[PDB]
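Novice: dropping in the first section of the assembly, placed as in the complex:
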Amino acid sequence: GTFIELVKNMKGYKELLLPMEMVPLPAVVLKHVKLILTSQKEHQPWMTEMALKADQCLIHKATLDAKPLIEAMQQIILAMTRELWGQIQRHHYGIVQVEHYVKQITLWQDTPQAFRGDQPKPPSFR
Amino acid sequence: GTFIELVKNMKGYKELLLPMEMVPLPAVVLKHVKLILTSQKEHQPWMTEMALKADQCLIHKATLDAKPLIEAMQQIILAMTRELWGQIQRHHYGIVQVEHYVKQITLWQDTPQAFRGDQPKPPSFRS
Amino acid sequence: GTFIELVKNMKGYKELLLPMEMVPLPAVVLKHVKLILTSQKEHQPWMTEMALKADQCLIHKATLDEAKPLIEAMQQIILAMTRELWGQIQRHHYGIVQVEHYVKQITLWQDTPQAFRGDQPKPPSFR
Amino acid sequence: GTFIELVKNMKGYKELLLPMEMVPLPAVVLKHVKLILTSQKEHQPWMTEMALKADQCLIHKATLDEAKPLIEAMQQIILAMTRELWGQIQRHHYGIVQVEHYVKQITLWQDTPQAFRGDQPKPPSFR
């Protein structure tokens, strides 16, 4: 995964992916995909990326129907699901709000529990 | 493939992926990713998207190092390269030029081989 | 800390050391050093000193990762550096006045008996 | 020095490290720390960081004053700190531009063969 490491060291880079624990489960994340694609018109390039991304999860899920080999796919599904959910948040809240929101989550989850305070408020559907 | 099928059944859709017979090998495609990512400044959102797909492809290749599982994964890798390779040409030529170039190949490929003629050349690089 | 004693009498002096229990583990502290450096667009002399200070911790981690007195001595140096590094991160993220003002409230809040503490003080907003 | 690599590409960056042979022994370096602090009348944030940095050396001196790898490791940390402390002393006494400008002349002067070096470069005036 050296490719992402190079980007993470670049100038003006802000992470847009939530921690694995905070990411929803599969399937339920896919439900939001239909609520966006089916409810959208005037196709745009980003809509194809999500479709070409969501369908990969289904193929991996269908593969459930070597165990170390199988374990790799399960991690991949979570990785793709984490990436896929980021676009869903990017679509609802835009891009700027997600940048600030993700930054606060890290601080609240990094400081010791004795001084965290309260979980930061997620952004609004503006 | 239902999700991609829905997108194709839309208005304003423009396919940007070349036929599988023209995409380079996975190793070659990853080579261009490093050159583009390494020689870039002022990180842009699309750069992260390209990197994430490259990371996913690497994991599958490492996993290769159960026949339905093995055979199915190979198809995913080929699809991943096609999606990633088509995104590279957007950076080199441009999305507008890619549409015509992909469209030209389709008519050229669909035309009978007897009178097919010379293959059209790729567009000019983005300035 | 004889040098520190030479700074207490100075007019504009402040105690730039958060409680030892407040700071997280060294690994997490270094993680936020990259984010502040990566996010920053321009350059100031302070970040260069910050970058060098963090680098020393990694060598100490690698170096640490009859000898008990020295092995224990290395840990104390690493922890002390983390507090100083963690102080800069907090002050930059929130502000010098807010951190010092916040520290006094929480420091007194813990001292007050639990039967009358009430609620914990206001955590500074990221601004 | 991965963090340092993140600062080289920055526009306003300079190499703030004099040659190891140029700096004196640690004891002499700490001696001039008091003079700059004692002479100074007002307070700025930089001296507070300088005071803390010097204090760490004294603990290392006391701490240093199968164990060979760690004992040798402590010496390297002390020497590296002295260069950074010695750099600040020189820049403050003479100036940032003069020190960097002077370093290049002397660095090249030594490289030139003795048969054609001539005379040593100009030592910066105390101003």
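Specialist: Right, received. Where do you want to start? Numbering: from 1, shown residues only, chains lettered A, B, ... in the order given.

Novice: how about the helices in chain A?
Specialist: With DSSP state H as the criterion, chain A has helices at A:2-8, A:28-37, A:45-62, A:67-93, A:96-110.

Novice: contacting residues for residue A:8?
Specialist: Residues near residue A:8 by Cβ atoms under 8 Å, 6 or more residues apart in numbering or on different chains: A:15, C:34, C:38. All C-beta atoms are positioned from the backbone trio N, CA, C, and that covers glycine.

Novice: in chain A, what residue comes closest to chain D?
Specialist: Chain A approaches chain D most closely through residue A:9 (6.9 Å), counting by Cβ to the nearest Cβ.

Novice: quick one, phi/psi of that residue?
Specialist: phi -90, psi 0 (degrees, to the nearest 10).

Novice: repeat for the one 4 residues further on
Specialist: Main-chain torsions, residue A:13, degrees, to the nearest 10: phi -110, psi 130.

Novice: dump the residue contacts of it.
Specialist: Contacts of residue A:13 (Cβ under 8 Å, 6+ apart): A:7, B:43, B:48, C:38-39.

Novice: change it to 7 Å
Specialist: A:7, B:43, C:38 (Cβ atoms under 7 Å, 6 or more residues apart in numbering or on different chains).

Novice: let's bring in chain E now:
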Amino acid sequence: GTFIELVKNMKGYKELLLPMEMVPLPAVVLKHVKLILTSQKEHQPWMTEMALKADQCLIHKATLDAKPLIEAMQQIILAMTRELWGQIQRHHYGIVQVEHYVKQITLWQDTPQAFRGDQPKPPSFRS
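Specialist: Once chain E is put in with the chains from before, the structure reads:
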């Protein structure tokens, strides 16, 4: 090759050297050097650089007139011609045009042979 590797890992880098499979033979390349150098006026700094490389290549060829030594030198000569030949095209076509022409060959060469198509032509000569 560390030094060249460092340059490739920079921003604004543009490779100007063709693949070794396309460079002419060393004798042919030296032929163009004489024509350019002989038919020139108002000596320019780049002219000296081209001449010096040509002189170095000649010495190696004369030296040919120990297998690791002999084999290693032949690789140097081929590299020398590639570096020298790439510099000739800068004078004929131009640096800007060379970048695209070299870039076009890379995509053309990387594209699968089945659908590779006609080889792109060189740019127009500098006026």
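
Novice: in light of the added chain E, please revisit the contacts of residue A:13.
Specialist: A:7, B:43, C:38.

Novice: neighbours around the first one, how many?
Specialist: In terms of burial, residue A:7 registers 20 neighbours under the definition other Cβ atoms under 10 Å in any protein chain shown.

Novice: excluding its backbone neighbours, what's nearest it?
Specialist: residue B:51 (4.7 Å; Cβ to Cβ, 6 or more residues apart in numbering or on different chains).

Novice: neighbours of the closest residue to chain C within chain A, just the number please.
Specialist: At 3.8 Å from chain C, residue A:117 is the closest residue in chain A, using Cβ to the nearest Cβ. Using other Cβ under 10 Å, residue A:117 has 14 neighbouring residues.

Novice: again with the one 3 residues further on
Specialist: When neighbours are defined as other Cβ under 10 Å, residue A:120 has 19 of them.

Novice: for it, what are its contacts?
Specialist: A:101, A:104-105, A:108.

Novice: which of those are buried, as a ChimeraX select command?
Specialist: Restricted to buried positions by 16 or more other Cβ atoms under 10 Å in any protein chain shown, the ChimeraX selection for those reads:
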select /A:101,105
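
Novice: from the contacts of residue A:120, which is closest to chain E?
Specialist: For these, with chain E as the reference and Cβ to the nearest Cβ as the criterion, the closest is residue A:101, at 31.0 Å.

Novice: can you add chain F next? sequence is:
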Amino acid sequence: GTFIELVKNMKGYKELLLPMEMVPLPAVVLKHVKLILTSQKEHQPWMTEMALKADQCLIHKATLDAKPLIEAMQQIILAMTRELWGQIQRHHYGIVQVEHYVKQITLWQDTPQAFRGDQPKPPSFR
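Specialist: Once chain F is put in with the chains from before, the structure reads:
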């Protein structure tokens, strides 16, 4: 080496290479290459020439690990080192200053020792 002779007979040509004796030793000359390339940004065409030139010396140096054949490489290393050092001087002092400085060196080194006087002052880092 007839190629350089043709250039040396051209109009408006000024030598920028110091005598062999005044040129530093190898390796130490290479140290300045790193201090320039590693400290440089916004790659420029000349930076590639130095890299493609310095690396040749390393290959020749590695060859140390037929003696008339070997002697040829040693002379080549000095020749390349002399050429490589000229670029280093050209980078620090520019081009105009080096032209004048090299000219004075020749006069001081050509006149008899009874009338040389003092070695000319090398230029400054302007």
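
Novice: check the contacts of residue A:13 one more time with chain F there.
Specialist: Contacts of residue A:13 (Cβ under 7 Å, 6+ apart): A:7, B:43, C:38.

Novice: same thing but at 8 Å, please
Specialist: A:7, B:43, B:48, C:38-39.

Novice: and these, which two are furthest apart?
Specialist: B:48 and C:39 (14.9 Å; Cβ to Cβ).

Novice: isn't residue A:51 up against residue A:36?
Specialist: No. Look at residue A:51 against residue A:36 with Cβ atoms under 8 Å: they stay out of range, at 10.2 Å.

Novice: the two: who's more crowded?
Specialist: Neighbours around residue A:51 and residue A:36, counted as other Cβ under 10 Å, are more numerous at residue A:51. The numbers are 20 against 14.

Novice: so who does that one touch?
Specialist: A:33, A:37, B:3-4, B:6-7.

Novice: 6 Å instead?
Specialist: B:3-4, B:7 (Cβ atoms under 6 Å, 6 or more residues apart in numbering or on different chains).

Novice: give me the number of residues near residue A:6?
Specialist: 15.

Novice: residues in contact with stretch A:90-106?
Specialist: By Cβ under 6 Å, 6+ apart, the list of residues contacting stretch A:90-106 reads A:14-16, A:89, A:120, A:123, A:125, C:126.
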